[PDB]
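The next block is upload_11.csv, given as CSV, C-alpha atoms.
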```
chain,number,residue,atom,x,y,z
A,1,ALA,CA,-9.3,81.5,-39.5
A,2,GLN,CA,-13.0,80.9,-40.6
A,3,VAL,CA,-12.3,77.2,-41.9
A,4,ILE,CA,-15.0,74.6,-42.9
A,5,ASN,CA,-13.0,72.0,-44.9
A,6,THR,CA,-11.2,70.9,-41.8
A,7,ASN,CA,-12.2,70.7,-38.2
A,8,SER,CA,-9.0,70.2,-36.2
A,9,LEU,CA,-10.8,70.6,-32.9
A,10,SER,CA,-13.2,67.8,-33.7
A,11,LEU,CA,-10.2,65.6,-34.6
A,12,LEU,CA,-8.5,66.5,-31.4
A,13,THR,CA,-11.4,65.7,-29.2
A,14,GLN,CA,-12.1,62.4,-31.1
A,15,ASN,CA,-8.5,61.5,-30.4
A,16,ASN,CA,-8.8,62.1,-26.7
A,17,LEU,CA,-11.8,59.8,-26.4
A,18,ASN,CA,-9.5,56.9,-27.2
A,19,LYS,CA,-7.4,57.4,-24.2
A,20,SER,CA,-10.3,57.1,-21.7
A,21,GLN,CA,-12.0,54.3,-23.7
A,22,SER,CA,-8.8,52.2,-23.3
A,23,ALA,CA,-8.7,52.9,-19.6
A,24,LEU,CA,-12.3,52.0,-19.1
A,25,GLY,CA,-11.8,48.8,-20.9
A,26,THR,CA,-8.8,47.8,-18.8
A,27,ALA,CA,-10.7,48.5,-15.6
A,28,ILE,CA,-13.8,46.5,-16.6
A,29,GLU,CA,-11.7,43.6,-17.7
A,30,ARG,CA,-9.9,43.5,-14.4
A,31,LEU,CA,-13.1,43.7,-12.4
A,32,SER,CA,-14.6,40.9,-14.6
A,33,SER,CA,-11.7,38.5,-14.2
A,34,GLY,CA,-10.4,39.3,-10.8
A,35,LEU,CA,-7.0,39.3,-12.2
A,36,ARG,CA,-4.5,42.2,-12.7
A,37,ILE,CA,-2.7,40.2,-15.3
A,38,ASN,CA,-5.0,39.2,-18.2
A,39,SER,CA,-2.3,38.9,-20.9
A,40,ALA,CA,1.4,39.1,-21.2
A,41,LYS,CA,1.1,42.7,-22.3
A,42,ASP,CA,0.0,43.6,-18.8
A,43,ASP,CA,3.1,42.3,-17.0
A,44,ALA,CA,5.1,39.7,-19.0
A,45,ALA,CA,7.5,38.9,-16.2
A,46,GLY,CA,4.7,38.8,-13.7
A,47,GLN,CA,2.7,36.4,-15.8
A,48,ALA,CA,5.6,33.9,-16.1
A,49,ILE,CA,6.4,34.1,-12.4
A,50,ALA,CA,2.7,33.7,-11.4
A,51,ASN,CA,2.4,30.7,-13.8
A,52,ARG,CA,5.5,29.1,-12.3
A,53,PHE,CA,3.9,29.7,-8.8
A,54,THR,CA,0.8,28.0,-10.2
A,55,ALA,CA,2.7,24.9,-11.2
A,56,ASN,CA,4.3,24.6,-7.7
A,57,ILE,CA,1.0,25.2,-6.0
A,58,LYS,CA,-0.7,22.5,-8.0
A,59,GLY,CA,2.3,20.3,-7.7
A,60,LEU,CA,2.6,20.6,-3.9
A,61,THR,CA,-1.1,20.2,-3.6
A,62,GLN,CA,-0.9,16.9,-5.4
A,63,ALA,CA,2.2,16.0,-3.4
A,64,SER,CA,0.1,16.3,-0.3
A,65,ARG,CA,-2.4,13.8,-1.6
A,66,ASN,CA,0.5,11.4,-2.5
A,67,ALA,CA,1.8,11.7,1.1
A,68,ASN,CA,-1.7,10.6,2.5
A,69,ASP,CA,-1.5,7.5,0.2
A,70,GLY,CA,2.0,6.9,1.9
A,71,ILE,CA,0.3,7.2,5.4
A,72,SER,CA,-2.4,4.7,4.2
A,73,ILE,CA,0.3,2.1,3.2
A,74,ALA,CA,2.0,2.4,6.6
A,75,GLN,CA,-1.2,2.4,8.8
A,76,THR,CA,-2.6,-0.7,7.0
A,77,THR,CA,0.8,-2.5,7.2
A,78,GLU,CA,1.2,-1.7,10.9
A,79,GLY,CA,-2.5,-2.8,11.6
A,80,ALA,CA,-1.7,-6.3,10.2
A,81,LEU,CA,1.6,-6.5,12.2
A,82,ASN,CA,-0.5,-5.8,15.4
A,83,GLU,CA,-2.3,-9.1,15.0
A,84,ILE,CA,0.8,-11.0,13.9
A,85,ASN,CA,2.3,-9.7,17.3
A,86,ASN,CA,-0.8,-10.9,19.2
A,87,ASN,CA,-0.5,-14.4,17.6
A,88,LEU,CA,3.3,-14.5,18.5
A,89,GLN,CA,2.5,-13.6,22.1
A,90,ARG,CA,0.0,-16.5,22.4
A,91,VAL,CA,2.5,-18.9,20.7
A,92,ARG,CA,5.2,-17.8,23.3
A,93,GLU,CA,2.7,-18.4,26.2
A,94,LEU,CA,1.8,-21.9,24.8
A,95,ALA,CA,5.6,-22.7,24.5
A,96,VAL,CA,6.1,-21.8,28.2
A,97,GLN,CA,3.1,-24.1,29.1
A,98,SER,CA,4.6,-26.9,26.8
A,99,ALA,CA,8.0,-27.0,28.6
A,100,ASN,CA,6.5,-28.6,31.8
A,101,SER,CA,7.3,-32.4,32.0
A,102,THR,CA,4.0,-33.1,33.8
A,103,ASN,CA,2.4,-32.7,30.3
A,104,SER,CA,1.5,-36.1,28.6
A,105,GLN,CA,2.3,-36.5,24.9
A,106,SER,CA,-1.4,-35.8,24.0
A,107,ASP,CA,-1.3,-32.6,26.0
A,108,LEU,CA,1.8,-31.6,23.9
A,109,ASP,CA,-0.2,-32.6,20.7
A,110,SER,CA,-3.1,-30.4,21.9
A,111,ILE,CA,-0.7,-27.4,22.5
A,112,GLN,CA,0.9,-28.0,19.1
A,113,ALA,CA,-2.6,-27.9,17.5
A,114,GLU,CA,-3.1,-24.2,18.6
A,115,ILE,CA,0.6,-23.3,17.8
A,116,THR,CA,0.1,-24.7,14.2
A,117,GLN,CA,-3.2,-22.7,13.9
A,118,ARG,CA,-1.5,-19.5,15.1
A,119,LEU,CA,1.5,-19.9,12.7
A,120,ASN,CA,-1.0,-20.6,9.8
A,121,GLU,CA,-2.9,-17.4,10.8
A,122,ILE,CA,0.4,-15.4,10.6
A,123,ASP,CA,1.1,-16.9,7.1
A,124,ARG,CA,-2.5,-16.2,6.0
A,125,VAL,CA,-2.3,-12.5,7.2
A,126,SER,CA,1.1,-12.2,5.5
A,127,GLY,CA,-0.1,-13.6,2.1
A,128,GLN,CA,-3.5,-11.8,2.0
A,129,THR,CA,-2.9,-8.3,3.5
A,130,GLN,CA,-2.9,-5.7,0.7
A,131,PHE,CA,-3.2,-2.0,0.0
A,132,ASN,CA,-4.2,-0.9,-3.5
A,133,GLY,CA,-2.9,-4.3,-4.7
A,134,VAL,CA,0.5,-3.9,-2.9
A,135,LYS,CA,1.0,-7.1,-0.9
A,136,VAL,CA,2.6,-5.2,2.0
A,137,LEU,CA,3.8,-8.3,4.1
A,138,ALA,CA,4.4,-10.8,1.3
A,139,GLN,CA,7.7,-9.4,-0.2
A,140,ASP,CA,10.7,-7.1,0.3
A,141,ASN,CA,9.8,-3.9,-1.5
A,142,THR,CA,10.8,-0.2,-1.5
A,143,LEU,CA,7.9,2.1,-2.4
A,144,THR,CA,8.7,5.8,-3.4
A,145,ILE,CA,6.2,8.4,-2.3
A,146,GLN,CA,6.2,11.6,-4.3
A,147,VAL,CA,6.3,14.4,-1.7
A,148,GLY,CA,7.6,17.2,-3.8
A,149,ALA,CA,6.9,19.1,-7.0
A,150,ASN,CA,10.0,18.0,-8.9
A,151,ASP,CA,11.7,14.9,-10.1
A,152,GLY,CA,13.1,12.7,-7.4
A,153,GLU,CA,11.6,14.5,-4.5
A,154,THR,CA,10.5,11.3,-2.7
A,155,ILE,CA,10.3,9.5,0.7
A,156,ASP,CA,10.9,5.7,0.8
A,157,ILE,CA,8.7,3.2,2.5
A,158,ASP,CA,10.7,-0.1,3.1
A,159,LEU,CA,8.3,-3.0,3.2
A,160,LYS,CA,9.6,-6.4,4.4
A,161,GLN,CA,8.5,-10.1,3.9
A,162,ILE,CA,7.1,-11.1,7.3
A,163,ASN,CA,5.9,-14.8,7.5
A,164,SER,CA,6.6,-17.9,9.7
A,165,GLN,CA,9.7,-18.7,7.5
A,166,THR,CA,11.3,-15.2,7.7
A,167,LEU,CA,10.4,-15.1,11.5
A,168,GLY,CA,12.3,-18.5,11.8
A,169,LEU,CA,9.2,-20.4,13.3
A,170,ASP,CA,8.0,-22.4,10.2
A,171,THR,CA,9.1,-25.7,11.9
A,172,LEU,CA,8.3,-24.6,15.5
A,173,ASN,CA,7.3,-27.8,17.2
A,174,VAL,CA,6.7,-28.7,21.0
A,175,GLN,CA,5.7,-32.4,20.4
A,176,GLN,CA,7.7,-35.4,21.6
A,177,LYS,CA,8.1,-38.6,19.5
A,178,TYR,CA,5.9,-41.6,20.2
A,179,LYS,CA,7.5,-45.1,20.4
A,180,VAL,CA,6.3,-46.7,17.1
A,181,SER,CA,5.3,-50.4,16.9
A,182,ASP,CA,3.3,-52.6,14.5
A,183,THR,CA,1.4,-55.9,14.3
A,184,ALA,CA,0.8,-57.8,11.0
A,185,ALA,CA,-2.6,-57.5,9.2
A,293,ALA,CA,-0.8,-53.5,-1.0
A,294,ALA,CA,1.5,-52.2,-3.8
A,295,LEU,CA,3.7,-49.1,-4.1
A,296,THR,CA,5.6,-49.6,-7.4
A,297,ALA,CA,3.9,-46.6,-9.2
A,298,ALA,CA,6.1,-44.3,-6.9
A,299,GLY,CA,9.2,-46.4,-7.5
A,300,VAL,CA,9.3,-48.1,-4.1
A,301,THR,CA,11.0,-51.5,-4.7
A,302,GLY,CA,11.0,-53.3,-1.3
A,303,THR,CA,8.7,-56.2,-0.2
A,304,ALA,CA,5.4,-54.8,1.3
A,305,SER,CA,2.7,-55.9,3.8
A,306,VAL,CA,-0.3,-54.3,5.7
A,307,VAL,CA,0.2,-53.7,9.4
A,308,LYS,CA,-1.8,-52.2,12.3
A,309,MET,CA,0.0,-49.2,13.9
A,310,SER,CA,0.3,-48.6,17.6
A,311,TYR,CA,2.0,-45.6,19.4
A,312,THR,CA,3.3,-45.7,23.0
A,313,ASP,CA,3.9,-42.5,25.1
A,314,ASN,CA,6.5,-41.6,27.8
A,315,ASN,CA,4.3,-43.2,30.6
A,316,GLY,CA,3.6,-46.4,28.6
A,317,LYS,CA,0.1,-45.6,27.5
A,318,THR,CA,-0.8,-47.2,24.1
A,319,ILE,CA,-2.8,-45.6,21.3
A,320,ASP,CA,-4.1,-47.3,18.2
A,321,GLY,CA,-2.9,-45.8,15.0
A,322,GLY,CA,-4.9,-47.7,12.3
A,323,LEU,CA,-3.7,-49.2,9.0
A,324,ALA,CA,-0.4,-48.7,7.3
A,325,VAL,CA,1.7,-50.4,4.5
A,326,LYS,CA,5.2,-51.4,5.8
A,327,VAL,CA,8.2,-51.7,3.4
A,328,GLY,CA,11.2,-51.7,5.8
A,329,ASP,CA,11.8,-48.8,8.2
A,330,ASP,CA,9.0,-46.9,6.3
A,331,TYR,CA,5.3,-46.9,7.1
A,332,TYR,CA,2.8,-45.5,4.6
A,333,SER,CA,-0.6,-44.4,6.0
A,334,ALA,CA,-3.5,-46.5,4.6
A,335,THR,CA,-7.3,-46.8,4.6
A,336,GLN,CA,-9.7,-49.8,3.9
A,337,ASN,CA,-12.6,-49.1,1.5
A,338,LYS,CA,-16.0,-50.6,1.2
A,339,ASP,CA,-14.6,-53.0,-1.3
A,340,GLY,CA,-12.4,-54.4,1.3
A,341,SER,CA,-9.2,-53.4,-0.4
A,342,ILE,CA,-6.5,-51.4,1.4
A,343,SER,CA,-5.1,-48.3,-0.3
A,344,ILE,CA,-2.2,-46.0,0.6
A,345,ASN,CA,-3.4,-42.4,1.2
A,346,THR,CA,-2.1,-39.7,-1.2
A,347,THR,CA,-2.0,-35.9,-1.8
A,348,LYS,CA,-2.5,-33.9,-5.0
A,349,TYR,CA,-0.3,-30.9,-5.9
A,350,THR,CA,0.7,-28.7,-8.8
A,351,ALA,CA,4.4,-29.5,-9.4
A,352,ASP,CA,7.2,-27.2,-10.8
A,353,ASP,CA,6.2,-28.8,-14.1
A,354,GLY,CA,2.8,-26.9,-13.8
A,355,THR,CA,0.9,-30.3,-14.1
A,356,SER,CA,-1.0,-31.8,-11.3
A,357,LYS,CA,1.0,-34.7,-9.6
A,358,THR,CA,0.6,-37.2,-6.7
A,359,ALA,CA,2.6,-38.2,-3.6
A,360,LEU,CA,2.2,-41.1,-1.1
A,361,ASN,CA,1.5,-40.2,2.6
A,362,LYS,CA,4.4,-41.6,4.8
A,363,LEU,CA,4.0,-41.6,8.6
A,364,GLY,CA,6.7,-39.4,10.4
A,365,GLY,CA,7.2,-35.8,11.5
A,366,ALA,CA,8.1,-34.7,15.1
A,367,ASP,CA,5.5,-37.1,16.8
A,368,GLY,CA,6.2,-40.1,14.5
A,369,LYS,CA,2.5,-40.3,13.4
A,370,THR,CA,2.0,-37.2,11.3
A,371,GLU,CA,1.2,-37.8,7.6
A,372,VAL,CA,4.2,-36.4,5.5
A,373,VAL,CA,5.0,-36.3,1.8
A,374,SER,CA,8.3,-36.2,-0.1
A,375,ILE,CA,8.0,-33.5,-2.9
A,376,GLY,CA,11.2,-32.8,-4.7
A,377,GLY,CA,13.8,-33.6,-2.1
A,378,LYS,CA,11.9,-32.0,0.7
A,379,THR,CA,9.4,-33.3,3.4
A,380,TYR,CA,6.1,-31.5,3.8
A,381,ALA,CA,3.0,-32.2,6.1
A,382,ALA,CA,0.3,-33.7,3.9
A,383,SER,CA,-2.3,-31.1,5.2
A,384,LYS,CA,0.0,-28.3,3.9
A,385,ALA,CA,1.0,-29.9,0.6
A,386,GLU,CA,-2.6,-30.9,-0.5
A,387,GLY,CA,-3.7,-28.5,-3.4
A,388,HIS,CA,-0.5,-26.4,-3.1
A,389,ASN,CA,1.1,-24.8,-6.2
A,390,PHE,CA,4.9,-25.4,-6.2
A,391,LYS,CA,5.1,-23.5,-9.6
A,392,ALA,CA,3.4,-20.3,-8.4
A,393,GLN,CA,4.8,-20.6,-4.8
A,394,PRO,CA,7.9,-22.9,-4.6
A,395,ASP,CA,8.5,-21.7,-1.0
A,396,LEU,CA,6.5,-23.9,1.4
A,397,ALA,CA,7.2,-24.7,5.1
A,398,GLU,CA,8.7,-28.2,5.5
A,399,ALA,CA,7.4,-30.6,8.2
A,400,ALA,CA,9.2,-30.5,11.6
A,401,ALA,CA,11.3,-33.7,12.0
A,402,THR,CA,11.9,-33.2,15.8
A,403,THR,CA,11.2,-31.0,18.8
A,404,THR,CA,12.5,-27.4,18.5
A,405,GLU,CA,15.6,-26.5,20.4
A,406,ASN,CA,15.3,-23.3,22.5
A,407,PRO,CA,11.8,-22.4,21.2
A,408,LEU,CA,11.5,-19.4,23.6
A,409,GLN,CA,14.7,-17.8,22.3
A,410,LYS,CA,13.4,-18.2,18.7
A,411,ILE,CA,10.0,-16.8,19.5
A,412,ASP,CA,11.6,-13.7,21.3
A,413,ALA,CA,13.7,-13.1,18.1
A,414,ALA,CA,10.5,-13.3,16.0
A,415,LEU,CA,8.8,-10.7,18.4
A,416,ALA,CA,11.9,-8.6,18.0
A,417,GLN,CA,11.7,-8.6,14.1
A,418,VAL,CA,8.0,-7.5,14.2
A,419,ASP,CA,9.0,-4.8,16.7
A,420,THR,CA,11.7,-3.5,14.5
A,421,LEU,CA,9.4,-3.2,11.4
A,422,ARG,CA,6.6,-1.5,13.5
A,423,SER,CA,9.2,1.0,14.8
A,424,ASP,CA,10.4,1.8,11.1
A,425,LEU,CA,6.7,2.2,10.0
A,426,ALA,CA,6.1,4.6,13.0
A,427,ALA,CA,9.1,6.6,12.0
A,428,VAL,CA,8.0,7.1,8.3
A,429,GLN,CA,4.4,7.9,9.5
A,430,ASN,CA,5.8,10.7,11.7
A,431,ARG,CA,7.9,11.9,8.7
A,432,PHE,CA,4.8,11.9,6.4
A,433,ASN,CA,2.8,13.9,9.0
A,434,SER,CA,5.7,16.5,9.2
A,435,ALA,CA,5.9,16.6,5.3
A,436,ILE,CA,2.1,17.2,5.0
A,437,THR,CA,2.3,19.9,7.7
A,438,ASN,CA,5.0,21.6,5.8
A,439,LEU,CA,3.2,21.2,2.5
A,440,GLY,CA,0.2,22.9,3.8
A,441,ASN,CA,2.1,25.9,5.0
A,442,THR,CA,4.1,26.1,1.8
A,443,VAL,CA,1.0,26.0,-0.4
A,444,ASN,CA,-0.6,28.9,1.5
A,445,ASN,CA,2.6,30.9,1.3
A,446,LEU,CA,3.0,30.4,-2.4
A,447,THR,CA,-0.7,31.1,-2.9
A,448,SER,CA,-0.2,34.5,-1.2
A,449,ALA,CA,2.9,35.2,-3.2
A,450,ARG,CA,1.1,34.5,-6.5
A,451,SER,CA,-2.0,36.5,-5.4
A,452,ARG,CA,0.2,39.6,-4.8
A,453,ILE,CA,1.4,39.4,-8.4
A,454,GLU,CA,-1.7,38.6,-10.4
A,455,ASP,CA,-4.9,39.4,-8.4
A,456,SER,CA,-6.6,42.7,-9.1
A,457,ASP,CA,-7.4,45.3,-6.4
A,458,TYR,CA,-11.1,45.9,-6.6
A,459,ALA,CA,-10.9,49.2,-4.7
A,460,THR,CA,-8.4,50.4,-7.2
A,461,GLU,CA,-10.2,49.1,-10.3
A,462,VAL,CA,-13.7,50.3,-9.2
A,463,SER,CA,-12.1,53.7,-8.8
A,464,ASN,CA,-10.4,53.5,-12.2
A,465,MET,CA,-13.7,52.4,-13.9
A,466,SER,CA,-15.7,55.4,-12.5
A,467,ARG,CA,-13.0,57.9,-13.3
A,468,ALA,CA,-12.8,56.6,-16.9
A,469,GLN,CA,-16.6,56.7,-17.3
A,470,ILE,CA,-16.7,60.4,-16.3
A,471,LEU,CA,-13.9,61.2,-18.7
A,472,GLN,CA,-15.7,59.3,-21.6
A,473,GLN,CA,-18.9,61.3,-20.8
A,474,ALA,CA,-17.0,64.7,-20.6
A,475,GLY,CA,-15.1,64.0,-23.9
A,476,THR,CA,-18.3,62.9,-25.7
A,477,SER,CA,-20.2,66.2,-24.7
A,478,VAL,CA,-17.1,68.3,-25.7
A,479,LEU,CA,-16.9,66.5,-29.2
A,480,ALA,CA,-20.5,67.6,-29.8
A,481,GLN,CA,-19.5,71.2,-28.9
A,482,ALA,CA,-16.4,71.0,-31.2
A,483,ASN,CA,-18.7,69.8,-34.1
A,484,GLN,CA,-20.9,72.9,-33.5
A,485,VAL,CA,-18.0,75.5,-33.8
A,486,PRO,CA,-18.1,75.8,-37.6
A,487,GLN,CA,-21.9,76.3,-37.7
A,488,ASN,CA,-21.0,80.0,-37.0
A,489,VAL,CA,-19.8,80.5,-40.6
A,490,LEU,CA,-23.2,79.7,-42.2
A,491,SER,CA,-24.6,83.0,-40.7
A,492,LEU,CA,-22.1,85.0,-42.9
A,493,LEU,CA,-23.6,83.3,-46.0
A,494,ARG,CA,-27.4,83.0,-45.4
```

Could you spell out this file's structure in structure tokens?
Amino acid sequence: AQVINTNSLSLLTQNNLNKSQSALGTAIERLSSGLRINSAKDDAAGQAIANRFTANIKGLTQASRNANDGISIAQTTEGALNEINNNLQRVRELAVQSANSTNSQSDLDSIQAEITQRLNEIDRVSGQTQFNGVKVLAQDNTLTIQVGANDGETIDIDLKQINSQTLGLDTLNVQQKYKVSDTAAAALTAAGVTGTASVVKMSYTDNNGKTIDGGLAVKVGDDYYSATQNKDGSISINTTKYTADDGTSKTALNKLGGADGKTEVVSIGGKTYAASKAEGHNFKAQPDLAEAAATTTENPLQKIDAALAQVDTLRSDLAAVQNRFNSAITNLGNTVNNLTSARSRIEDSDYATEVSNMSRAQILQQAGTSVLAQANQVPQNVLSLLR
């Protein structure tokens, strides 16, 4: 029919343009983003699966970094145990040297001076070694390293307190007792000592009969307290200062005793400490302190071998978890890549495909546009019947 009021063919061709416009838009979006899935309307199940892959990829990625922090704990702990082991090997060698009876008592004192410095160095390294504030040799502690993406997916590191006390060497002593004697030359009542007192000059005799001058002491019975004469001419008992369990600073008198019979020792609580260890110590913050040795150690070489054994055991446990963390990191790496490929196969756009889809849709848009112009010309024909 010769109709003008309506142009169905124009309507039809306008409609068709929508189809190719949508297609073109889809293609351009995918090219733009690099993603096949741009909204849940593309592939709702795919988006949720890809998103859950993303959480694991990110999680496992993080987990890997956590396992490297686990390696760092174990390496730095093992490094400190290495030098504790070197110190114990020197102490053992010194104990083998000390056992020979051709040593004089001053040779034994000289050997004990290095043994004390070596045991103090083990205690120092134990107290001071840390990794991100974890005091790795100072306390028994189980760290949990997060190696997985989910709750509870952990590997334990078991840290142990290693020091001269837990090694059983805190009182390790190779000295022999001097014969103690006195000749006649001060008050003690502020410490509660009640016996009658006098100043004496100490002397010490060795196994061969050689005599050594000890200096001044105050004698009250079987006790001798170490003493010094000042410029004033007055004679005062030596003392140490410590922070007690009360948290206040407090004082102790320096008695003469220990394994050699001439070491300055102090009674704090009910326990006997070397004055050089007790001075400035904090018995509130650190109530555990090595007591003074009272006598020569029995079987020192057996005890030092057991200390070497303990360090060996802990080094072997730390080597075992380092091998486990390297295996876990290896696995993690592989896993990450595999899940990254799996996610990619779901959400990533195929450029070859999309480029092709874009150019096909552009041609259809151009064809449809030129055909709509022709459909709009069809009714012009009718005007020639009127004019």

Note to self: So, with all atoms listed in the file as the atoms that count, which of A:72, A:305, A:491, A:89 lies closest to residue 344 in chain A?
What the structure shows: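 Among the listed residues, the smallest separation from residue 344 in chain A belongs to A:305.
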
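Proximity of A:168, A:116, A:129, A:74 to residue 409 in chain A, computed with only C-alpha atoms, is greatest for A:168.
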
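A straight line drawn from CA of residue 334 in chain A to CA of residue 170 in chain A is 27.3 Å long.
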
Next item on the list: Just the residues within 12 Å of residue 447 in chain A, please, counting only C-alpha atoms, with nothing from its chain fewer than 2 positions along; format it as a PyMOL selection string.
Entry: chain A and resi 50-58+60-61+439-445+449-455

Checklist line | Straight-line distance linking CA of residue 147 in chain A with CA of residue 63 in chain A, stated in Å to one decimal | finding: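 CA of residue 63 in chain A lies at a distance of 4.7 Å from CA of residue 147 in chain A.
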
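All residues of protein, DNA or RNA that reach within 12 Å of residue 82 in chain A, judged by only C-alpha atoms and not counting those fewer than 3 positions away in the chain, are residues 75, 76, 77, 78, 79, 85, 86, 87, 88, 89, 122, 125, 126, 415, 418, 419, 421, 422 and 423 of chain A.
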
Emit the selected residues as an mmCIF file, keeping the file's coordinate frame, including C-alpha atoms.
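The resulting file, part_28.cif, is shown below:
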```cif
data_model
loop_
_atom_site.group_PDB
_atom_site.id
_atom_site.type_symbol
_atom_site.label_atom_id
_atom_site.label_comp_id
_atom_site.auth_asym_id
_atom_site.auth_seq_id
_atom_site.Cartn_x
_atom_site.Cartn_y
_atom_site.Cartn_z
ATOM 1 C CA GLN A 75 -1.200 2.400 8.800
ATOM 2 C CA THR A 76 -2.600 -0.700 7.000
ATOM 3 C CA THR A 77 0.800 -2.500 7.200
ATOM 4 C CA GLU A 78 1.200 -1.700 10.900
ATOM 5 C CA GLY A 79 -2.500 -2.800 11.600
ATOM 6 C CA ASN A 85 2.300 -9.700 17.300
ATOM 7 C CA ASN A 86 -0.800 -10.900 19.200
ATOM 8 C CA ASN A 87 -0.500 -14.400 17.600
ATOM 9 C CA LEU A 88 3.300 -14.500 18.500
ATOM 10 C CA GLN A 89 2.500 -13.600 22.100
ATOM 11 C CA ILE A 122 0.400 -15.400 10.600
ATOM 12 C CA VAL A 125 -2.300 -12.500 7.200
ATOM 13 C CA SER A 126 1.100 -12.200 5.500
ATOM 14 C CA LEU A 415 8.800 -10.700 18.400
ATOM 15 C CA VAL A 418 8.000 -7.500 14.200
ATOM 16 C CA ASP A 419 9.000 -4.800 16.700
ATOM 17 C CA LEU A 421 9.400 -3.200 11.400
ATOM 18 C CA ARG A 422 6.600 -1.500 13.500
ATOM 19 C CA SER A 423 9.200 1.000 14.800
#
```

Check: So how far away is CA of residue 432 in chain A from CA of residue 69 in chain A, in Å?
Finding: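 About the pair CA of residue 69 in chain A and CA of residue 432 in chain A: they are 9.9 Å apart.
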
Distance query 6 Å from (-8.3, 48.6, -12.3) using all atoms listed in the file, result as a JSON list (two decimals) with C-alpha atoms, keeping the file's coordinate frame:
```json
[["chain", "number", "residue", "atom", "x", "y", "z"],
["A", 27, "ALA", "CA", -10.70, 48.50, -15.60],
["A", 30, "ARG", "CA", -9.90, 43.50, -14.40],
["A", 460, "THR", "CA", -8.40, 50.40, -7.20],
["A", 461, "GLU", "CA", -10.20, 49.10, -10.30],
["A", 464, "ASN", "CA", -10.40, 53.50, -12.20]]
```

Do a neighbour search on residue 300 in chain A at 12 Å with only C-alpha atoms, toss out local chain neighbours closer than 4 positions, and write the hits as an mmCIF file with C-alpha atoms, in the frame of the given file.
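So result_6.cif came out as:
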```cif
data_model
loop_
_atom_site.group_PDB
_atom_site.id
_atom_site.type_symbol
_atom_site.label_atom_id
_atom_site.label_comp_id
_atom_site.auth_asym_id
_atom_site.auth_seq_id
_atom_site.Cartn_x
_atom_site.Cartn_y
_atom_site.Cartn_z
ATOM 1 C CA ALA A 293 -0.800 -53.500 -1.000
ATOM 2 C CA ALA A 294 1.500 -52.200 -3.800
ATOM 3 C CA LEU A 295 3.700 -49.100 -4.100
ATOM 4 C CA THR A 296 5.600 -49.600 -7.400
ATOM 5 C CA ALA A 304 5.400 -54.800 1.300
ATOM 6 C CA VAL A 325 1.700 -50.400 4.500
ATOM 7 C CA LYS A 326 5.200 -51.400 5.800
ATOM 8 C CA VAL A 327 8.200 -51.700 3.400
ATOM 9 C CA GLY A 328 11.200 -51.700 5.800
ATOM 10 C CA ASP A 330 9.000 -46.900 6.300
ATOM 11 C CA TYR A 331 5.300 -46.900 7.100
ATOM 12 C CA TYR A 332 2.800 -45.500 4.600
ATOM 13 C CA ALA A 359 2.600 -38.200 -3.600
ATOM 14 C CA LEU A 360 2.200 -41.100 -1.100
#
```

Check: Nearest to residue 178 in chain A among A:486, A:407, A:475, A:364, with distances taken over all atoms listed in the file: which residue is it?
Finding: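 Of the candidates, the smallest distance to residue 178 in chain A is held by A:364.
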
Find the residues of range 98-117 of chain A that sit at most 12 Å from range 383-404 of chain A; for each, write down the nearest two atoms and how far apart they are in Å, to one decimal. Count all atoms listed in the file. Sort by chain, then by number going up, and give it as CSV.
```
residue,atom,partner,partner_atom,distance
A:98,CA,A:403,CA,11.2
A:99,CA,A:403,CA,11.1
A:108,CA,A:403,CA,10.7
A:109,CA,A:403,CA,11.7
A:112,CA,A:403,CA,10.7
A:116,CA,A:384,CA,10.9
A:117,CA,A:384,CA,11.9
```

May I have the selected residues written with C-alpha atoms, as a short mmCIF file (atom, residue, chain, number, x, y, z; two decimals), in the coordinates of the input?
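Ended up saving to result.cif:
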```
data_model
loop_
_atom_site.label_atom_id
_atom_site.label_comp_id
_atom_site.auth_asym_id
_atom_site.auth_seq_id
_atom_site.Cartn_x
_atom_site.Cartn_y
_atom_site.Cartn_z
CA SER A 98 4.60 -26.90 26.80
CA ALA A 99 8.00 -27.00 28.60
CA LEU A 108 1.80 -31.60 23.90
CA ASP A 109 -0.20 -32.60 20.70
CA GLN A 112 0.90 -28.00 19.10
CA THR A 116 0.10 -24.70 14.20
CA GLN A 117 -3.20 -22.70 13.90
#
```

Margin query: List as an MDAnalysis selection string the protein and nucleic acid residues near residue 23 in chain A, meaning an atom at most 9 Å away when all atoms listed in the file are counted, but skip any in the same chain fewer than 5 places from it.
Written below: chainID A and resid 18 28 464:465 468

Next item on the list: Pick out the closest residue to residue 172 in chain A from this set: A:306, A:323, A:414, A:17. Count all atoms listed in the file.
Entry: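 The shortest atom-to-atom distance to residue 172 in chain A comes from A:414.
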
Next item on the list: Find the residues with any atom within 6 Å of (2.8, -42.9, 22.1); use only C-alpha atoms and the coordinates as given in the file, and write the answer as a list in words.
Entry: residues 178, 179, 311, 312, 313 and 318 of chain A

Next item on the list: Would you list the contacts of residue 140 in chain A as a PyMOL selection string, taking every protein, DNA or RNA residue within 12 Å and counting only C-alpha atoms, but skipping same-chain residues closer than 2 positions in sequence?
Entry: chain A and resi 134-138+142-143+157-163+166+421

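Nearest residue to residue 177 in chain A among A:473, A:370, A:132, A:345 is A:370, counting all atoms listed in the file.
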
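With all atoms listed in the file as the atoms that count, the residue of A:314, A:303, A:26, A:2 with the shortest distance to residue 102 in chain A is A:314.
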